[PDB]
Amino acid sequence: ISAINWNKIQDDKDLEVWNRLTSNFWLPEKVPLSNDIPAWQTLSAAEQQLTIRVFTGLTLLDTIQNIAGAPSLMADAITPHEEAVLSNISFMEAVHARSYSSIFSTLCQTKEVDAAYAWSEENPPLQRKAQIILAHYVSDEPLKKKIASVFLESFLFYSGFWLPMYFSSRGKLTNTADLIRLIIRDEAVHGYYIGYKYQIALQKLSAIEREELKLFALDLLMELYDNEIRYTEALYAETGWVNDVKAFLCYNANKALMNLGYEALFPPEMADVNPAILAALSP
Amino acid sequence: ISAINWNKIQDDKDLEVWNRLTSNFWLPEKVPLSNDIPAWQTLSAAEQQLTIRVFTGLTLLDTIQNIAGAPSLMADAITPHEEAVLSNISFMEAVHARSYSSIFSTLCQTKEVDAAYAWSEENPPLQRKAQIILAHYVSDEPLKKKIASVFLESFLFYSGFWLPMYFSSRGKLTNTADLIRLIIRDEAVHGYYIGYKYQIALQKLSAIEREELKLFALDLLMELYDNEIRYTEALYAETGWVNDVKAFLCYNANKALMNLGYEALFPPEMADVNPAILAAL
Ligand SMILES: [Fe+3]
Ligand SMILES: [Fe+3]
Ligand SMILES: [Fe+3]
Ligand SMILES: [Fe+3]
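So the sequences go chain by chain: A and B. Quick note, the deposited numbering runs 5 ahead of the 1-based positions in the first sequence. Quick note, the deposited numbering runs 5 ahead of the 1-based positions in the second sequence.
Structure (structure tokens):
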């Protein structure tokens with residue numbers, strides 16, 4: 006271990022990402038969440054349960070990324086500066102996770118929150134995706150680890166991010182949505198960066214190896230995609246929003262794929278997101 | 006793994022420290038380091054070299070704490086909130102270390118800097134304490150890892166922090182001193198928190214194990230103490246300040262022990278640091 010020298014950058018992107026991520030630092034306390042209290046009261050009991058469950062699902066994924074994911078990529082960094090950026094990513098995943106408790110504390114009741122957490126421990130689709138990702142994080146295959154990480158950063162949270170964006174388009178939970186956008190602002194960069202590092206590693210492999218990884222990527226995606234469909238149908242049952250969430254899933258699945266350097270897999274007719282959602286996503 | 010719940014804190018100190026460290030977030034870019042350029046030219050060749058070398062050493066430690074330290078402590082966390090707090094500590098360690106490149110960048114030449122790093126790779130004492138600490142961080146002794154970290158956080162740093170606080174009292178490099186002060190504000194809580202967690206683990210050990218760990222701590226503190234002596238009287242050789250530095254490190258060695266729940270090791274006579282310096286702290 007040698008002292009790190011930030012005046013001898015080996016890959017400029019490391020410094021760009023470091024500056025963008027650190028400059029985008031934030032904490033949930035900085036978001037006036039209490040201003041969503043009236044909006045929360047206008048949601049149905051069903052909608053409130055849905056929101057809480059979705060957020061607990063998001064929390065599990067962030068907790069994993071903070072605990073196992075990010076730190077898992079550490080031993081695979083190719084530059085000392087990458088290691089520093091990964092430590093920031095890990096910390097921010099902790100802030101992301103913590104933010105949901107801030108939301109629960111401000112808007113919800115202890116009883117209903119505890120029930121949601123119980124639900125998360127038992128939901129098959131949720132535990133299945135958590136299991137799939139973790140298995141890759143504990144393995145010894147660095148590139149399958151980055152593929153899983155990108156799918157988590159750019160795909161797996163979106164069945165959840167969709168809800169606050171929808172509510173916001175109706176003028177509800179807008180401050181919660183603002184917070185979600187700060188989280189998304191981070192995840193988008195995380196996925197971009199990890200995907201970038203994955204691409205660099207590919208060039209150091211043969212053509213036969215790069216081809217294996219490509220096939221692995223598409224198979225893992227289909228596995229996660231189908232399980233996410235089941236996760237979505239169950240959570241959004243009877244809301245009438247299932248097909249919109251699915252479109253949002255394909256939309257983000259293509260971005261995850263592109264972050265790994267591959268071409269979009271889902272055609273426009275499966276990834277046609279309602280412009281209202283796209284607008285709320287980036288006003 | 007379960008989703009963390011910050012509305013079910015298992016130890017209030019976890020929330021306290023999380024709020025302290027996150028509220029105290031900062032970046033070097035936020036410090037007017039440039040306003041020290043004029044004051045940096047007043048320094049001599051020896052001083053400048055000393056400062057750059059001192060800062061390089063500190064940089065290696067933060068790099069270690071960032072890569073090996075804090076990370077190795079996560080597997081030993083006893084609450085989910087502690088794991089989150091440790092990830093913040095690891096992150097800020099990267100910020101601390103990055104700060105030095107920010108300082109070298111605003112007040113030095115690639116020539117000088119590249120020299121201090123070359124030195125860093127060879128200096129015996131420096132490479133030794135780094136070897137000692139990493140040895141524990143990689144071991145499977147959770148409590149020894151915490152003793153090590155507390156020594157790194159509350160002792161092995163001040164051997165350098167002395168200098169920036171000296172210039173500060175003399176009115177030189179006051180901005181850089183503000184930066185260092187920010188680092189200290191973090192390091193101080195880190196040593197306290199990890200030492201706090203160390204003590205909770207102790208109460209759960211046998212009486213004989215508590216004794217063994219106590220003696221061990223002292224054995225490690227001295228091994229690092231004498232090696233820091235060689236480091237000090239060698240780096241501050243041609244300065245005549247070595248005396249002050251020796252007084253400062255004994256001051257911090259005792260603080261490091263308090264953080265572990267132990268009594269002072271060096272008598273006040275050996276820990277009487279120049280009040281002016283303690284003022285810059
Ligand atoms: Fe996240
Ligand atoms: Fe992320
Ligand atoms: Fe530090
Ligand atoms: Fe520290």
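For every residue, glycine included, the Cβ atom is placed at its ideal position computed from N, Cα and C.
Inset, instruction - Have a look at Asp41(A), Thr84(A), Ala153(A) and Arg175(A) and flag the residue whose alpha-carbon is nearest the alpha-carbon of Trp23(A). - result: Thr84(A)
Inset, instruction - For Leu65(A), return the contacting residues in chain B, with the cut-off set at a CB-CB distance below 9 Å. - result: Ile6, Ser7, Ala8 and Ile9
Inset, instruction - Please confirm whether any heavy atom of ligand 1 lies closer than 7 Å to the CB of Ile188(A). - result: yes
Inset, instruction - Could you confirm whether any beta carbon from chain A is found closer than 8 Å to the beta carbon of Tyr198(B)? - result: no
Inset, instruction - Would you be able to state if there are at least three C-beta pairs under 8 Å between the region 8 to 17 of chain B and the region 101 to 116 of chain A? - result: yes
Inset, instruction - Determine the burial state of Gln132(A): buried for a count of at least 16 other Cβ atoms within 10 Å of its Cβ, exposed for fewer. - result: exposed
Legend entry - Integer Cβ distance of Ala261(A) from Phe162(A), believed to fall under 8 Å: Contact doesn't hold; Cβ gap of about 11 Å is too wide.
Inset, instruction - Below 8 Å on the Cβ atoms is my guess for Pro130(B) versus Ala239(B); work out the distance and round it to an integer in Å. - result: 7 Å
Inset, instruction - Check whether the region 205 to 213 of chain B touches the region 167 to 176 of chain B, taking contact to mean three or more Cβ pairs, one atom from each stretch, closer than 8 Å. - result: no
Inset, instruction - Flag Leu32(A) as yes if its beta-carbon sits less than 8 Å from any beta-carbon of chain B, otherwise no. - result: yes
Inset, instruction - Output the boundary residues of the alpha helix (DSSP H) element that contains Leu48(B). - result: Segment: none, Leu48(B) is in no alpha helix (DSSP H) and carries neither H nor E.
Inset, instruction - Between the Cα of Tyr256(B) and those of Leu270(B), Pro147(B) and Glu243(B), spot the shortest distance and give me the residue it belongs to. - result: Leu270(B)
Legend entry - Proximity winner among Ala99(A), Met79(A) and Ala89(A), relative to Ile14(A) (alpha-carbon distances): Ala89(A)
Inset, instruction - Helix, strand or coil for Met170(A), going by three-state DSSP, please let me know. - result: helix
Inset, instruction - Identify the contact partners of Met79(A) in chain B, using a Cβ-Cβ distance below 9 Å as the criterion. - result: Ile72 and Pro76
Legend entry - Under 9 Å (Cβ pairs) to chain B, residues found in the region 127 to 145 of chain A: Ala135 and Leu139
Legend entry - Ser125(A) at chain B interface by Cβ criterion, 8 Å: yes
Inset, instruction - Give the straight-line distance between the Cα atoms of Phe96(B) and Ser95(A), rounded to the nearest whole angstrom. - result: 8 Å
Legend entry - Assigned exposure category for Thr47(A) - 16 Cβ within 10 Å defines buried: exposed
Inset, instruction - Considering only heavy atoms of ligand 2, list every residue whose Cβ is less than 5 Å from one of them, following chain order. - result: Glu158(A), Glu192(A) and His195(A)
Inset, instruction - For my contact list, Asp19(A) and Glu87(A) are in at a C-beta cut-off of 8 Å; report their separation, rounded to the angstrom. - result: 6 Å
Legend entry - Three or more C-beta pairs below 8 Å linking the region 46 to 60 of chain A and the region 136 to 144 of chain A: no
Legend entry - Continuous alpha helix (DSSP H) stretch holding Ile72(A): start and end: Looking at the DSSP string, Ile72(A) is not in any alpha helix (DSSP H), and its letter there is neither H nor E.
Legend entry - Candidates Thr27(B), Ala222(B), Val278(B) and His101(B): closest to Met263(B) by CA position: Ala222(B)
Inset, instruction - Show which residues of chain B have a CB atom less than 9 Å away from the CB atom of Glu88(A). - result: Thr68, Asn71, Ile72 and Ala99
Inset, instruction - Go ahead and label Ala153(A) buried or exposed: buried means 16 or more other beta carbons lie within 10 angstroms of its beta carbon, across all protein chains shown. - result: buried
Inset, instruction - Just the chain B side, please: which residues come within less than 7 Å of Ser106(A) by C-beta, in chain order? - result: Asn10, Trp11 and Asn12
Legend entry - Check: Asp67(A) C-beta below 7 Å from any heavy atom of ligand 1: yes
Legend entry - Helix, strand or coil at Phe271(B) according to DSSP, with G and I counted as helix: coil
Legend entry - Given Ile72(A) as reference, the closest of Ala82(B), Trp45(B) and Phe172(B) once Cα atoms are compared: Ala82(B)
Legend entry - Contact with chain B by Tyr122(A), beta-carbon distance below 8 Å: yes
Legend entry - CB contact flag (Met79(A), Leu66(A), <8 Å): no
Inset, instruction - With a 10 Å radius around its C-beta and 16 neighbouring C-beta atoms as the bar for buried, classify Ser144(B) as buried or exposed. - result: exposed
Inset, instruction - Using 10 angstroms around the beta-carbon of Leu220(B), count the other beta-carbons present and answer buried if the total reaches 16, otherwise exposed. - result: exposed
Inset, instruction - Could you give the DSSP three-state label for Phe109(B): helix, strand or coil? - result: helix
Inset, instruction - Please find out if some non-hydrogen atom of ligand 1 comes closer than 7 Å to the beta-carbon of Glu88(B). - result: no
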